[PDB]
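Presented as C-alpha cells, the chain that follows is alone, the form deposited in one PDB entry.
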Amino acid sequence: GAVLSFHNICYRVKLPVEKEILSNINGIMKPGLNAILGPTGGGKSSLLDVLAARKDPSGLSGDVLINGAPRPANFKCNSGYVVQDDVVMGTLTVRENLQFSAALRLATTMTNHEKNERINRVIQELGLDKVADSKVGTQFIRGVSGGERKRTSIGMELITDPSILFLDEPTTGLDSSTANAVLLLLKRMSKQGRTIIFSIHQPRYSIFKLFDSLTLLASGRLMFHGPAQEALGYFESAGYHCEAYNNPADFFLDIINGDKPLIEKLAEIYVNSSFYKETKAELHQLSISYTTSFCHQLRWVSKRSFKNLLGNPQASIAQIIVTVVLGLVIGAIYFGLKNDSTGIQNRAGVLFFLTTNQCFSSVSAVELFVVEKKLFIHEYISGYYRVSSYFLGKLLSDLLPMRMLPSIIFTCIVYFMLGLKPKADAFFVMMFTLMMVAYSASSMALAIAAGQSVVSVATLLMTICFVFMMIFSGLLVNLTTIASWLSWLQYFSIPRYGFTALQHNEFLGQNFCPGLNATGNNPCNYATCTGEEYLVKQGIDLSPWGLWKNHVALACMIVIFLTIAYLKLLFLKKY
C-alpha cells in the first residue's frame, strides 16, 4: 500500500519571534498499523499535521515522499484526517453528519441507497446505533457525551473509504471497552492495505501488541522508530529492564521523564543506533481537484445551513417574533398619525426607528456565521468544496431568506396601521427600501467579520461602525450645519441613504398646518407648513433622482462589501 517516508523534517512557529517544534525527525511508515506515542505537548499532533500537509510550508524544511514520488495532487482526496477537537456540527443528528460527508467527499454515480448502506455499516462498527439519530451537543439541548461525539468525528472520515488514514488521539474519553472496540476495528482494517497513522495516550498492553511500527517523540527529537516488539529490545540493550513495569508504554514514558539534559542524551543515543542506519539507507534508496460539481456543493452546504438555522432559534425564530411584536407595538403607539403640529416629529421618528432597527439586527446572524470559522477551515483543508461554493451556500442559506422576511412583516403591519402615504407605489417602495437597507447592513457585517477569530471583538467593531453611521442619519443632526471638511463622511452612512429614501416618498405630498388655504395669510418663516419645506431644510433633493440615487448607492454598497468579504475569505491563511 502507501509507503509514506520523510527525511530531515523540521518546523518553526512564529510566537518576528520564532520557535522550533519538531527538530529533525527521520523515519519511514508502512502499510499496516503505525503509531506515534510520546509525552503530551511533546510534538505529537504537530508531526501528524506536518505529514498530513496541513501546516504552512514555511517551516517544513525537508520533504515527504509517497512511494518515492512526491505528494500526488489528490493526496487530500485520498486521505482522511481525524481532528483532535471534535469539529462535528453540534445542531445536526449523527446520521445527517455522516450523510453530509458521504454526499460531498464520495463519488457522484454511487446510488444514495449504497451510501446509506455504508453509513449503517459504519454506525454499527463504531458503536453508535442507539444515538444514530439523536442530537449532537448544543447549549440549549444537552447532547450525547464525548464518546458518541468522538465516534461521530471518526466515522465522518471513516466513511470516505480512504487508502490512507490519519488519527490524532482517536481514543480520548472513549470508554475502556469502546476504545478497545475502536482499535480492534482499526487493526482489522489495517490488514487490507490502509496505512493507518495515529497518536495514542497510554494504550493497554493488549493494544500494544497490535502495532507494527512505533515512534517516540519527546521535545521534538526522535527517540525511537522501529517495530513495537523490538522497542523493548532497544531499551533493554541501552541499560534498562522491562520486568519492573508491566505495561511497556509506561516504561517508555517513564524513561523519558527520569523514571546535563536527558532528552538530548536519548536523541544522540538513537542517532548512533542501527535503526537509524537502516532508516537512512532505505530513505536514500527510495529517491487541487475536487470530486463533485459546483451545483452539488452549493446544494449540500445550503441544505446543511438550512438545518442549522431551523435548529437554532435565537437567531431565526427570536428575530421573527421580536419583529412581529415591534410591528404591533409601533402600530399601536403612533396609530393614525395626524397631519398636524405633531405629524412631522411623529413621521420622522417612525421612519428613523424602522431604518435603524433594520440596520442593527444584522449582527446576530453574522455572529452565527463567524462561529463557523474553524469548522470551515477544517472542512476546506480536508478538500470538501471550493471557497466560492461555501460562500454562495451561506448566502442562500441565511442572508437571503432571514433578511428578506422582516421587511415584509414591518411594512405589512406598520404601513397601514400608522396611516402613511395611502397609495400602493409608496407601500412597495417602503418595502423595497427596507429590504435594501437590511441587505446592505448584512453585507457590511460580513465584510467586517469575514475571517475573524473572536466573536466579541467582531461584535464590538460592528456596533461601533453602525453607531457612527447612524449618527449621520439626518434626524440627530441637521446635515447642513456639519462643517465643510466633515460633510464628505455623510456619503458613507447606510442609514443616511435608507432614511433619506424613506422620507422622500413620504413627506412629498403633505402639509402640516391648521387650515392650509388660509394658514399662509400670516406667512411667517420658521414655519415648515408644507412637507417639502421640511425636506429642503434637511438638505434633500426633490426630483425622483433623490430616491433612486439612494437606491443605487445602497446596491453598490451591497456589491462592494460582498466582494470584500469574499476576498478576505479567499486569501485567508487556511491552514
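Here the rigid core means the biggest group of C-alpha atoms that line up within 1.5 Å when the two forms are laid on top of each other. Numbers for residues come from their place in the sequence shown, where the first is 1.
What comes next is about the form deposited in another entry, which is not displayed.
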Of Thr91, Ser473, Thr411, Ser443, Cα shift of 2 Å or more between the shown form and the other one on rigid-core superposition seen only for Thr91
Please say whether, between the shown form and the other one, the C-alpha of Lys568 moves by 2 Å or more once the core is aligned. no
After fitting the rigid core, is the C-alpha of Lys130 off by 2 Å or more between the shown form and the other one? yes
Using a rigid core alignment, state whether the CA of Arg118 is displaced by 2 Å or more between the shown form and the other one. yes
Distance direction in that other deposited form for the C-alpha atoms of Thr356 and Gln314, relative to the displayed form (3 angstroms or more): farther
